[PDB]
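Report on the following structure.
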């Protein structure tokens, strides 16, 4: 994929003209990784990394020779100074241009100030000055982008060199070093700590041309306006500390909010996850209250933080008005007088130095400080102790031979019992050596000793030859299955097919779409554990090394596959290979050439299978231990009248900003046409102060009102979204995962709250400033409205043309960034596997290739940005040239105040225009959050929680439940689950439900609670369910769900969220389940904060909590759902006995998956894939052998069948026949 930046001119690289084809292509279709351009050779990851590694190695040698610490920063500087110095040359030129062009502005205004319509020599010198002014604007506009590309390319090169060095290290960390750190701190110095180097360079040079300029400018001001410049400059210095009190107080109101935001998101997680239970109990008003309170407590702090950001923006807006006000107040008070060529040079010089001081210099400080933090971090990482290269081998006779003599070693050096005790054994080619022992005996430790991972404290190990290894856990990296198998080696058809047929992957390869060519993710999300183990073993076999080490391969696979692998792949193929095995299944031991027993890290006996048959010690004996989006966004915040007031207040802020400078223009023009007659200073300083105060007050009012209206819009959108997600039916929670639902209450509301009001105000602020600049120019020279129409069509077409490809190349550099992260993670997890084979100088090449495919789309992200910006600066510089020259061809009607004003405003357009365009794109970016929040704002709704026909309070009186021809389905158009159900449940009668798992067993509860309004009729005491609002149906039917949940809060909350009970009642109920005792020993009596669904409680304890809930609610209908699956028998019988002896007069429906619990149920529904088949007493059902109850019982066995039959008969006799 050849790169055109390699073949370009210099005129064609100043203008990024070499990038035109990409845009054309991106304009038609979408861009994918094939359109993208391969990187310049000086920019490949391996080249950069090797260079910086050379410098860092030489410098750590220098330090080790000099006996102190080595510095990474010193190596970075030594490698990159001879090329970050030339960038410094251009930034010196550019900053002197910024300080020079106000001087020629002065000289043009000074041509007007002394006009003579006949003198042509003066006009010619003024044209010369206009030409020099335009050369400065074309050095700041057109050449700053080939520079800035190189400034940013330097940082990309530094980040890529660091990523390479970090990986080269992380591929050789000694095990004791891999212990201290984690595989999270080795992706957190590469996902956020090396991303600093992209940013540092951008402003690095603003540490010596941020002070230097602020001296040059001050010296110039002293030449023009005199000592008064100090006044102005004083104010400008006070914007460095003050802007750093809006920073040590915004982070005090912003880290005080996350402690409410994160509580709210945790509660929303418990609301969304357990939504079936919340609905079924009718509790969502309680969670409404909890999240309403946490959100109100969070908006209070978002509202302080927004008032402070609004004040910060208003201060940055009216700073220039204050600087110039105080300068020319002291200038005119000390006896001087305002002329219009010193005024609009002082204004312009303040503009330049104020932009440097308040934005660039402090950014440079902060980013260099963070980059030094990150360089320290990587400094520490690149010095973790490393594995000694497996050194010179003892010269042997070439035998592929494994021996150990008197080995004894530790994983950590403080242990009491050594990890290994005096190990001394050997293995030859062809000998399928094995070891048998319990877990903790250390067969992993023995294999790690073989692989060099265990450092010998005493003795010796001799391993000679190529080795293949299979880890206890399968390890699959990023790639395809054949890529996994080859592991960098060249493919061979027959050698691959032999291993495939040996590994019985044929069924597994058929399971995937591409056969063997399907792409496997990280940890193998595309495969299963057995499949991953098979792929790893196939890789090991195909690698064809002298030694094989196999660990725990066949414990996690089935019978036939494991047998086939052991015999036809291990026993037969590898009978000509050195073998060492870790096994847990004794059935394979018969094939073992040798077997060793290891226990407490020590030898017991080694010998064949028959010899250990002779020893008489059993193995098992030892084995056992749009635009509607904008309209709907703004309409939430405030009525339309407030939007009209907001428009007026934006306009008055900007009009007053401009009328202050026009006042200095009018003051100057009125001073010049004078006479001694003196100019009335009270009047002029009065209106000048009035205009400065109006600028400041209207900027402050405008910012706070934009912020307030948009934060209130956020608050209204959240309240409406949340109250619409509490009422969405459970279908909406089935279709969408808990991740997607909660992602709009955390992220998107997180943009609406603290980032969309800020950005949307910064855009409006700078847009009105651009309109102020263009309006002063047009109002002075009205003909500028003709050139300015083709400069506003060209802008629109440019921006469409760009954003049609800047958006295809701002995902290409995100969809290609993550494979680097993933490769580092994967090569850390299976690092032992990687190093076991000598094949890591191919994993380095893989990391380079993954890091040359992201520093290939960062290249296009850097240069498409400059393509666009060169053209916006062409537009803006044509505006400045038209103003500066159209003002001299019209010199007869203009005068020095008008020209000064128009032209210093045009000069300030430089950079403002681009910031406005950037922010507009960023607003349109961040409005997707609003589209999504408004999309959950209008979900479907289930029936209302209340109806007109309220139920009588005593209902249900009895609990007589009637089913009249009920059809129930989860979704419209989906399969029916119940088909014309018809039944009568007489009061108090205990009824069981039986059938197949999903034969309609699970939908009786959903139909009875109207979790999906059903078709048919259901009556409770002659009241149809569909005629009463939900919370008057779900309140009156207590349920014991399959897996209970505890909600974060006091145990009094879990038993009475609505405070309908007295603490003595709760104590009584907790005593009924005998759990009262277990509670009054925790710190809080009942107010103990709990974990997520009672991790500090037992499943049986959770069931006790839910059964207490039911006893407390004491409604005369009760439903139990899949009582016990894995409950301990004590708790089993406890729950069961309480269920019967607490609910004597309560109608009960039980839905059980075992027949023991519901054998005594007075009646039993039987379901057949959604059909009511049998409904009668259990003994009557068991009489008929054709009855599905009898058929299902006979599945159980013979003894259990007879016992259950006896139980049914006894119950039948005791109940019906006294």
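Just so it is clear, chain A uses Swiss-Prot numbers, and the residues here are 9-633, 697-746, 756-1298, in order.
Header lists the method as electron microscopy, 3.1 Å.
Even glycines carry a Cβ here, placed using N, Cα and C.
Taken from Swiss-Prot, the feature domain 'ABC transmembrane type-1 1' applies to 92-377.
According to Swiss-Prot, the transmembrane segment annotation covers 93-113 (among others). When Cβ-Cβ distances below 8 Å are used as the criterion, the transmembrane segment (93-113) is approached by residues 137-138, 140-141, 144-145, 147-148, 151-152, 155, 158-159, 162, 213, 216-217, 220-221, 224-225, 228, 352-353, 356-357, 360, 980, 983-984, 987 of the same chain, each at least six residues removed from its ends.
For 136-156 (among others), the entry in Swiss-Prot reads transmembrane segment, with the evidence type sequence analysis. Listed as Cβ neighbours of the transmembrane segment (136-156) (distance under 8 Å, sequence separation of 6 or more from its ends, same chain) are residues 21-24, 95, 98-99, 101-102, 105-106, 108-109, 112-113, 115-116, 119, 210, 946, 949-950, 953-954, 956-957, 960-961, 964-965, 968, 987, 990.
Look at Swiss-Prot and you will find 207-227 (among others) tagged as transmembrane segment, backed by sequence analysis. Below 8 angstroms of C-beta separation, residues 92, 95-96, 99-100, 103-104, 106-107, 156, 159-160, 162-163, 166, 237, 241, 357-358, 360-361, 364-365, 368-369, 371-373, 375-376, 378-379 of the same chain, each at least six residues beyond the ends of the transmembrane segment (207-227), sit close to that stretch.
What Swiss-Prot records for 228-248 (among others) is transmembrane segment.
Feature annotation from Swiss-Prot assigns transmembrane segment to 328-348 (among others); the stated evidence is sequence analysis.
Taken from Swiss-Prot, the feature transmembrane segment covers 351-371 (among others).
The domain 'ABC transporter 1' feature in Swiss-Prot is assigned to 410-633.
Remote same-chain residues near the transmembrane segment (440-460) are listed as 183, 395, 398, 410, 412, 415, 417, 419, 427-428, 431, 469, 471, 475, 477, 480, 555, 557, 559, 578-579, 582-583, 587-592, 594, 596-597, 599-609, 627, 630-633, 912, 915-916 (criterion: CB distance under 8 Å, separation of at least six residues from the stretch ends). As annotated by Swiss-Prot, transmembrane segment applies to 440-460 (among others), with the evidence given as sequence analysis.
For residue 451 (ATP 1 binding site), the count of additional Cβ atoms within 10 Å of its Cβ stands at 24 [all protein chains shown]. Mapped onto three states, the DSSP output places residue 451 (ATP 1 binding site) in helix. Per Swiss-Prot, ATP 1 binding site is recorded for 445, 446, 447, 448, 449, 450, 451, 452, and the stated evidence type is sequence analysis.
Under the heading transmembrane segment, Swiss-Prot lists 710-730 (among others), citing sequence analysis as support.
In this structure, residue 746 (N-linked glycosylation site) belongs to neither helix nor strand by DSSP; it is coil. Listed in sequence order, 756, 757 are the same-chain residues six or more apart from residue 746 (N-linked glycosylation site) with CB atoms under 8 A from its CB. Annotation comment: Swiss-Prot describes 746 as N-linked glycosylation site.
The transmembrane segment annotation in Swiss-Prot covers 858-878 (among others) and is backed by sequence analysis.
For 954-974 (among others), the entry in Swiss-Prot reads transmembrane segment, with the evidence type sequence analysis. Residues 116, 119-120, 123, 125, 131, 134-135, 138, 141-142, 145-146, 149-150, 854, 857, 860-861, 863-864, 867-868, 871, 874-875, 878, 982-983, 986-987, 989-990, 993-994 of the same chain lie 6 or more positions beyond the ends of the transmembrane segment (954-974) yet place their CB under 8 Å from a CB of it.
The transmembrane segment annotation in Swiss-Prot covers 977-997 (among others), and the record cites sequence analysis as its basis. Outside the transmembrane segment (977-997), and at least 6 residues removed from its termini, the chain residues within Cβ reach (under 8 Å) are 109-110, 113, 116-117, 120, 145, 148-149, 348-349, 351-352, 355-356, 359, 363, 729, 732-733, 735-737, 739-740, 743, 843, 846-847, 849-850, 852-853, 856-857, 860-861, 879, 949, 952-953, 955-956, 959-960, 963-964, 967.
Distant neighbours of the transmembrane segment (1038-1058): 811, 814, 1064-1068, 1080, 1083-1084, 1086-1088, 1092, 1094-1101, 1196-1197, 1226-1227, 1229, 1250; these residues of the same chain sit at least 6 beyond its ends, with a Cβ under 8 Å from one of its Cβ atoms. Positions annotated as transmembrane segment by Swiss-Prot: 1038-1058 (among others).
Residue 1076 (ATP 2 binding site) carries neither a helix nor a strand DSSP state and counts as coil. Sequence-distant contacts of the transmembrane segment (228-248), counting only residues of its own chain at least 6 positions beyond either end whose CB sits under 8 Å from a CB of the stretch, comprise 107, 110-111, 114, 323, 327, 330-332, 334-339, 342, 344, 350, 353-354, 357-358, 361-362, 365-366, 369-370. When Cβ-Cβ distances below 8 Å are used as the criterion, the transmembrane segment (858-878) is approached by residues 948, 951-952, 955, 958-959, 962-963, 966-967, 970, 974, 978-979, 981-982 of the same chain, each at least six residues removed from its ends.
Sequence-distant contacts of the transmembrane segment (351-371) (same chain, six or more residues past either end, CB-CB distance under 8 Å): 106-107, 109-111, 113-114, 117, 211, 214-215, 218-219, 221-222, 225-226, 228-229, 232-233, 237, 240-241, 244-245, 247-248, 251-252, 324, 327-328, 331-332, 335-336, 732, 735-736, 739, 980-981, 983-984, 987-988, 991. Residue 1075 (ATP 2 binding site) sits 42 Å from residue 447 (ATP 1 binding site), taking the Cα positions as reference. Residues 325-326, 329, 771, 774-775, 778-779, 781-782, 785-786, 789, 844, 848-849, 851-852, 855-856, 985 of the same chain lie 6+ residues outside the transmembrane segment (710-730) yet bring a C-beta within less than 8 angstroms of a C-beta in it. Note on residue 1077 (ATP 2 binding site): other Cβ atoms within 10 Å of its Cβ, all shown chains, come to 8. Cα atoms of residue 746 and residue 756 lie 7 Å apart, with 9 unmodelled residues in the deposited structure between them.
Residue 1079 (ATP 2 binding site) sits 43 Å from residue 447 (ATP 1 binding site), counting Cα to Cα. Residue 1082 (ATP 2 binding site) and residue 446 (ATP 1 binding site) have their C-alpha atoms 43 Å apart, to the nearest angstrom.
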